[PDB]
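Descriptive structure summary
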Number of protein chains: 2
Amino acid sequence: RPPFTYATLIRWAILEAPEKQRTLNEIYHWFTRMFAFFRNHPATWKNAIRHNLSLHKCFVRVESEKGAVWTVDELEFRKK
Amino acid sequence: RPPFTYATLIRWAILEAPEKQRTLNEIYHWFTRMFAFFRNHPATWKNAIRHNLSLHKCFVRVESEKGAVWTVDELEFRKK
DNA sequence: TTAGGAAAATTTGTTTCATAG
DNA sequence: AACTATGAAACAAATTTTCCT
């Protein structure tokens, strides 16, 4: 359960730039976009994840390793 | 300013794990570690984020003919 | 084994908000 | 100042399938 540090979230947001760079302000915007989701989560969100996982083609269940897992299809994602 | 969608976040959670794949309940946790973080620090966020970029030296400022921007030095996270 | 129930997946159904005509 | 048509997204929920005792 390693929790989330500023350090990390910043890495994650910089790394979601088209170019692996972002302006302080864009970073706010990233944080803001995310603040703007976690309070406006529902009681059932586990329902919403199960749902999106089945529904979109970008998520594909494979069976390997410890148990059955979920993986992304970067291609299918790129079109949405 | 919009939320990110389930789909985006979910994609992310899948990716955090370096193996680019994770079970359902491994995702529920990523989501929690977020849920948590934002319940905790919804303070003067912005301010933190210049304090870190500067402090943690895995964050580096570079010049674009765009403008002055931040990148991560991935070779300077993990450890040294 | 084999149940039996619960967690995962999957499927349908409602409703909203945002776009081009 | 509709009205038409389209589609993402979120949410609820209803069934079926896998997985864990």
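Residues numbered from 1 in each chain as written, not as in the entry; some residues may be left out. Chains lettered and ligands numbered in written order. Heavy atoms only, no water.

Its PDB header attributes the entry to X-ray crystallography and lists the resolution as 3.4006 Å.

The PDB entry annotates chain A as Forkhead box protein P3 of Homo sapiens. Listed in the archive, the entry goes by the title "FOXP3 forms a domain-swapped dimer to bridge DNA".

1. Quick look at the protein's contact with DNA strand D
Inspection of the region around DNA strand D gives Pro42, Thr44, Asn47, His51, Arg61, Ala68 and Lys80 of chain A together with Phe4, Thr5 and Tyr6 of chain B as its neighbouring residues. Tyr6 of chain B places a polar side-chain atom, nitrogen or oxygen, 2.9 Å from a phosphate oxygen of DNA strand D. The residue makeup of the surface near DNA strand D, split by class, is four nonpolar, four polar and two charged. (Near = heavy atom within 4 Å. Polar contact = N/O pair within 3.5 Å; in protein donor to acceptor, adjacent residues only side chain to side chain. Nonpolar A, V, L, I, M, F, W, Y, C, P; charged D, E, K, R; others polar.)

2. Comments concerning helix α2 (residues 24–40) of chain B
When the terminal C-alpha atoms of α2 of chain B are compared, their 25 Å separation across 17 residues agrees well with the 24 Å that a helix rising 1.5 Å per residue should span. Regarding α2 of chain B, the residues found buried are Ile27, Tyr28, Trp30, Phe31, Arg33, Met34, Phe35, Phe37 and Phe38 of chain B. In this fold, the buried residues of α2 of chain B make contact with α1 (6–14), α2 (24–35) and α3 (46–55) of chain A together with α1 (6–16) and β1 (21–22) of chain B. Taking the backbone nitrogen of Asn25 of chain B as reference, a side-chain oxygen 2.8 Å away marks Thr23 of chain B as the first, capping residue of α2 of chain B. (Helix = DSSP H or I, 4+ residues; strand = E, 2+ residues; numbered from the N terminus. Expected span 1.5 Å × (residues − 1). Buried < 20%, exposed > 50% of the residue type's maximum accessible area, 1.4 Å probe, protein only. Contact = heavy atoms within 4.5 Å.)

3. Some points on the packing of α1 of chain B against α2 of chain B
For any two helices packed against each other, one specifies the inter-axial angle together with the distance between the axes. Residues and elements named next belong to chain B. One way to put it is that α1 packs onto α2 with a least axis distance of 10 Å and a crossing angle of 105°. With respect to α2, the element α1 is oriented roughly perpendicular. Here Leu9, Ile10, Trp12, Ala13, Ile14 and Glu16 of α1 lie close against α2, whose contacting residues are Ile27, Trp30, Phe31 and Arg33. (Axes fitted to C-alpha atoms, helices over the stretch in contact; angles between N-to-C directions. Parallel < 35°, antiparallel > 145°, perpendicular 65-115°, else oblique.)

4. Quick look at the relation of the copies chain A and chain B
You can overlay chain A on chain B at an RMSD of 1.6 Å; the transform is a turn of 179° with a shift of 0.1 Å along its axis. The superposition of one copy onto the other is thereby described by a two-fold rotation axis. Closest to the rotation axis within chain A is the C-alpha of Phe38 of chain A, separated from it by 3.0 Å. Both copies share a contact surface, since 88% of the interface residues of chain A are interface residues in chain B too. (Least-squares fit on C-alpha atoms.)

5. Concerning the side chain of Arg22 of chain B
Residue and element names in this part refer to chain B. By the secondary structure assignment, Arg22 is in strand β1. Side-chain polar atoms of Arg22 contact the backbone oxygen of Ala13, separated by 2.5 Å. For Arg22, the side chain forms a polar contact with the side chain of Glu16, separated by 2.7 Å.

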